[PDB]
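**Student:** experimental coordinates for this protein are included below, preceded by the sequence.
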Amino acid sequence: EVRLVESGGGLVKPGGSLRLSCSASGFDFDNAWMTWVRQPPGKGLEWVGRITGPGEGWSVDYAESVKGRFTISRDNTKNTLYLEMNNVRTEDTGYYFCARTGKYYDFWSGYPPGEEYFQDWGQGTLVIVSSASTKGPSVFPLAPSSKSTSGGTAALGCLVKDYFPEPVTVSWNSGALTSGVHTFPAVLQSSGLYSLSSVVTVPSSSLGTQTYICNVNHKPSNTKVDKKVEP
Amino acid sequence: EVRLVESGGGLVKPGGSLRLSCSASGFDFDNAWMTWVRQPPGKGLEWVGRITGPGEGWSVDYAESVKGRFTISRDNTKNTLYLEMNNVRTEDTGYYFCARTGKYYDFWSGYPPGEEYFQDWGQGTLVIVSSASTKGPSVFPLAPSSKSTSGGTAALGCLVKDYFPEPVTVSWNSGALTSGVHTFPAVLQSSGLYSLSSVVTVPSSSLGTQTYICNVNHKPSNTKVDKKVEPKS
Amino acid sequence: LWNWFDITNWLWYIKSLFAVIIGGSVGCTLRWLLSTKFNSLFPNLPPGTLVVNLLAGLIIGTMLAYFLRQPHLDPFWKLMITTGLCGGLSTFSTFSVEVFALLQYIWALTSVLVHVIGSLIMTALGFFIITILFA
Amino acid sequence: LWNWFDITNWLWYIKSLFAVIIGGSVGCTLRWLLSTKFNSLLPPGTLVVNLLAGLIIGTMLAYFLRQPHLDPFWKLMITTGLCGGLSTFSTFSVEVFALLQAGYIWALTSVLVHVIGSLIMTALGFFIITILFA
Amino acid sequence: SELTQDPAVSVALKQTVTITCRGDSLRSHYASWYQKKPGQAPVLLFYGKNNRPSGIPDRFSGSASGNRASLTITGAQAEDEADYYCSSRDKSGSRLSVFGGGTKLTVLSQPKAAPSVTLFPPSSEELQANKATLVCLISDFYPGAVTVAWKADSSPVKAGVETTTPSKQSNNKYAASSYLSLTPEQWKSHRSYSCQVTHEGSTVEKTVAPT
Amino acid sequence: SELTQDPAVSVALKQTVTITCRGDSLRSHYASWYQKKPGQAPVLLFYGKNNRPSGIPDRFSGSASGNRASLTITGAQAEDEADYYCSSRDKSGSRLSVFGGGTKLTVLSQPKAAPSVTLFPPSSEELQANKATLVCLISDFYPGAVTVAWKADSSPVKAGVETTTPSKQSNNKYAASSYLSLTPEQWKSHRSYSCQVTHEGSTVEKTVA
């Protein structure tokens, strides 16, 4: 049936170039209006641009923040939509969705040029735009104290600081600990580097003897830091 | 089917009164517009008047020459139309026809109040209006001469003059003669009296001995004049 | 049972209405076009609502001399051309708005004078033309 | 769809046309009545409709300026339709020369009365509406 | 008489003729066409825009223009020799209806023939009776239409005249008669009295006088 | 953003809620409503005068007036806790389309709970490393929305802060974290540093030194 798949996102330094592609199937692709819509991380959806259909001469309209830098096109034979991103700004980070764009105009209340809607979407494709190169993480210990003990339970953790790019995967005692563990979503610092935490909650009595180890893992730089936490 | 019969015509002296009746059948009488139309003798048809139908309140419109003297009405139960002629003038002589009056109006070219037409007619009914009383005819002979002989045939006749009312019936030799005979339509004189002729054409040799007799007959005054025609001097 | 006289009168009036409906639904349309497309091009003396007034004056002035000396036709067409076409094409209201839109004083009186005298000389043009060409 | 922009523009113009068609096919009708029945009696039928249209469109200049935003549709059918069909500059122009060709006091009275009165009707409308909810 | 027709008009057999009615009302109202034979009732033949009632042959057709209406007879028949009347309103917008003068259609289906005239003076009887009637008998002519005039020493005698309408004889030719009424003093104190028949221009004139 | 929404709004289960979008173009053009869960694609929910595409349950209904439009959710369900976006033109008569800010719908399906916050100073290692990162871990609260502020001797520290978005734990309660970055000279030449969590008004505030 109707399928749209985006492709070609990833890393790119500011000022670079990239081509996002949308393989389309399950409907008359040769006539459907198409629209790009991107979501920056932790933001709302933003309409990028829309190429028209055959009746309109394949006109394309662009969002102002993008006009002059992005170019939309289409291969009705290969059944694919293209977004060419040139001279990139870090703003353009985020996921990118191609969407089949239905057109609407009620005859009596209408006002040209109607209003377009977006019935069918792809799942996205992540474009990251930062100058930061690859980098392993410094792993520092979050050591329990009386401010971390909760009468019968205490919480200790691992700060996985300054790394790039996502993701890191923390575990504990080589995957022995499941209960107690919550590894957080990583925050990103203005250094262009990420830092998450992981924390396990465990007996307040087991402190001072029992062996607690977190096993960080960062495939993008092939690092593997293992660390013990003790009061 | 559709039948209209008029009734009640005849003789009436000037100033008199008369009621002509139209028995109607074979259609919805109770709603049809009705019209009188009379033809004077030797004249054209003249629309007299028209009574409307139920939707119009039984309005009646009259010809100008008749307005004030004639009155149209109707019995939708007896299915008859009535024309009451009062204070009559000799003009109103002639046959009288009731006619079922269709109505017509084409939406595009029309102009109120449309135009009425006359689909179904009666046979008429004769109203005569003259002061002349009954009177038998004087019968004088049209005697053949050299102005009437046509070499081998000659024409002789009978003048049936000054009588009233129509008709007289002439024959010849008590109906022995058929061939040769032509009895004319009567003319009417300003005396209010008619006068016709009859003429038979016969051998120009048969004059001087053979017996030619015309047999006038006027039932309205019960006269019966028989007369011989013989050459003059 | 609706009275023939009244039936026919009202039917005639319905045709004479249909007439004006068509004549005016064309005459108005023309003025709408000329005004919307040609009023943006001078606020002191808007020429769309002036073009339609001058044109309607010319047409009905052509037809006063015409439908007075040329009968044998129909009030049908007279009416849809006079009190329909030349009523829909013409207007006194859209000219009245802009005069006070100038008041609220030299072009507000220029509007008056130009509109009146010119749409009258259009009637003069029409009558002139028609009575002269076929005298 | 065969240039969507143009399809929608034309359909919108078709609504805005239907508007003027109805507004004018009523406005004209009213004037036809007032004129035919009140011109036989400075013909006042074609003057009544002019004064009335002046009053209406003068009520609505102050209205569609301080009370807009509701719809352009009805603006158009009420202004350039109703008050164009009810009003006329032509049927007033004929009778002026019908007085001129006949021979000049009432031909100028027609001018003055028509213009100044149909203007004071706009004044009536504007000040009525703006005073009503000032 | 607001509706006007030409009084008489003929046509040869199998030909086509048109009777034309005229009048102001005819511009604003339609007409109706009626056939009328003597003694027989009128026959509706057509009305309105294009209405031919059932039974009326297809060859009858109404027409309307400017101020004129017309009945069209296509393919003349001998059974169309009749009178024809238009009928409409008297004026534009009246409820009163009105007929035209009528039009006498001759269907020329016999060859023309001359009038044979036979003229009688009074008789010694009628003169003894103090009356005087001259009789003029016109026979054996076609078509049925004749003009009679009486002359007293070749002077016009426009009073005392009465003339019948031509009636079909036995040989399908027509015949009419004319009676001139005089006082016997007039009849003896003149030298001649003449009956004058005009048929299709032909002026046959027979004359009698105190024998 | 000519199209304007209220950023967040909630509703109890099986109740009814309405998200309202506003802007100039909305008077002259209709809208379209899109549901959006994390990772999952946007879902068209409604558009135009009265068009609900097939599959979208009956409970979703669009509305339009004056300069506003609204999505109506009748009978709230836990599988509606998502983001919702209006979409229309940017200005009246433009081919350019535009989305609203979006509205975060919480479907109150759990009882409210207080944030338990645990605060770590730097470690002797990171201080040896010449870095200093304070860690503030907020757990076991509901709903998932919190305000964090850092105080240096009870003064505002608006720089060096980075705060994560609450994620569902295992007990269906949420949890988030906040990292305050300082130079060790700053950290030693102050007497106190405090992480301050505000959850539904409640100001829990823990302090290290």
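**Tutor:** Structure received. Residues are numbered from 1 along each chain as shown, chains lettered A, B, ... in the order given.
**Student:** the closest residue to chain C within chain A: neighbour count?
**Tutor:** Proximity of chain A to chain C (C-beta to the nearest C-beta) peaks at residue A:112, 15.3 Å away. The way it works is simple: take the backbone N, C-alpha and C, and place the C-beta from them, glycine included. Neighbouring residues of residue A:112 were enumerated by other C-beta atoms under 10 Å in any protein chain shown; the total is 21.
**Student:** tell me, what residue is most central in chain C?
**Tutor:** residue C:86 (2.3 Å; C-alpha atoms, centre = their mean).
**Student:** so that residue is in which element?
**Tutor:** Secondary structure from DSSP states H and E places residue C:86 in helix C:86-88.
**Student:** which helix or strand lies directly C-terminal to that helix?
**Tutor:** Moving toward the C-terminus from helix C:86-88, the first helix or strand encountered (DSSP H and E) is helix C:93-103.
**Student:** for that following helix, which helices and strands make contact with it?
**Tutor:** In this structure, helix C:93-103 makes packing contacts with helix C:48-69, helix C:106-133, helix D:45-66, helix D:83-85, helix D:105-132, judged by 3 or more C-beta pairs under 8 Å, 6 or more residues apart in numbering or on different chains; DSSP states H and E.
**Student:** give me the contact list for that helix.
**Tutor:** Outside of helix C:93-103, the residues that reach it under the criterion C-beta atoms under 8 Å, 6 or more residues apart in numbering or on different chains are C:35, C:43-44, C:46, C:49-50, C:53, C:108, C:111-112, C:115, D:53-54, D:56-58, D:61, D:79-80, D:83-84, D:86-87, D:89, D:118-119, D:121-123, D:126.
**Student:** what residues of it count as buried?
**Tutor:** Of the residues in helix C:93-103, those buried under the neighbour-count criterion (16 or more other C-beta atoms under 10 Å in any protein chain shown) are C:93, C:94, C:95, C:96, C:97, C:98, C:99, C:100, C:102.
**Student:** same question, stretch E:113-122
**Tutor:** If you call a residue buried by 16+ other C-beta under 10 Å, then stretch E:113-122 has these buried ones: E:113, E:115, E:116, E:117, E:118, E:119, E:120, E:121, E:122.
**Student:** the last one: what's it in contact with?
**Tutor:** Shown here is residue E:122, whose contacts under the criterion C-beta under 8 Å, 6+ apart are B:140, E:131, E:132, E:133, E:134, E:184, E:187.
**Student:** change it to 10 Å
**Tutor:** Shown here is residue E:122, whose contacts under the criterion C-beta atoms under 10 Å, 6 or more residues apart in numbering or on different chains are B:140, B:142, B:159, E:128-129, E:131-135, E:180, E:182, E:184, E:187-188, E:193, E:208, E:210.
**Student:** OK, now which residue of chain E is nearest to chain C?
**Tutor:** Residue nearest to chain C within chain E (C-beta to the nearest C-beta): residue E:66, separated by 6.0 Å.
**Student:** state the phi and psi torsions of that residue.
**Tutor:** With angles defined as degrees, to the nearest 10, residue E:66 shows backbone torsions of phi 10, psi -90.
**Student:** would you confirm that it contacts residue E:22?
**Tutor:** Yes: A contact is recorded between residue E:66 and residue E:22 when judged using C-beta atoms under 10 Å, the distance being 9.2 Å.
**Student:** between the two, tell me which one has more neighbours.
**Tutor:** Neighbours around residue E:66 and residue E:22, counted as other C-beta under 10 Å, are more numerous at residue E:22. The numbers are 17 against 9.
**Student:** check contacts around the more buried one.
**Tutor:** By C-beta under 10 Å, 6+ apart, the contact list for residue E:22 reads E:2, E:3, E:4, E:5, E:6, E:66, E:67, E:68, E:69, E:70, E:86, E:100.
**Student:** 7 Å instead, please
**Tutor:** With contact taken as C-beta atoms under 7 Å, 6 or more residues apart in numbering or on different chains, residue E:22 is in contact with E:4, E:67, E:68.
**Student:** whichever of those end up buried, select them in ChimeraX.
**Tutor:** The command below creates a ChimeraX selection of those among these that count as buried (16+ other C-beta under 10 Å):
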select /E:4,68
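**Student:** dump the contacts of residue E:22 to TSV, plus secondary structure.
**Tutor:** As requested, the contacts of residue E:22 are arranged in TSV below (DSSP: H, G, I helix; E, B strand; the rest coil):
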residue	secondary structure
E:4	strand
E:67	coil
E:68	strand
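**Student:** chain D: which of the contacts of residue E:22 is nearest?
**Tutor:** Closest to chain D, out of all of the contacts of residue E:22 and judged by C-beta to the nearest C-beta, is residue E:67, at 25.7 Å.
**Student:** wait, the closest one touches residue E:26, no?
**Tutor:** Yes: the criterion here is C-beta atoms under 7 Å, and residue E:67 meets it with residue E:26 at 5.2 Å.
**Student:** which residue is nearest the centroid of chain A?
**Tutor:** The residue at the geometric middle of chain A, judged as the C-alpha nearest the mean C-alpha position with C-alpha atoms, centre = their mean, is residue A:126 (5.2 Å).
**Student:** what about the nearest residue to that one once chain neighbours are set aside, how many residues close to it?
**Tutor:** For residue A:126, the nearest residue in space outside its immediate sequence neighbours is residue A:9; the separation is 4.7 Å by C-beta to C-beta, 6 or more residues apart in numbering or on different chains. Applying other C-beta under 10 Å, we find 20 other residues in the vicinity of residue A:9.
**Student:** same question for residue E:92.
**Tutor:** Neighbours around residue E:92, by other C-beta under 10 Å: 15.
**Student:** who's in contact with it?
**Tutor:** Residues in contact with residue E:92, defined by C-beta under 7 Å, 6+ apart, are B:111, E:24, E:25, E:28, E:29.
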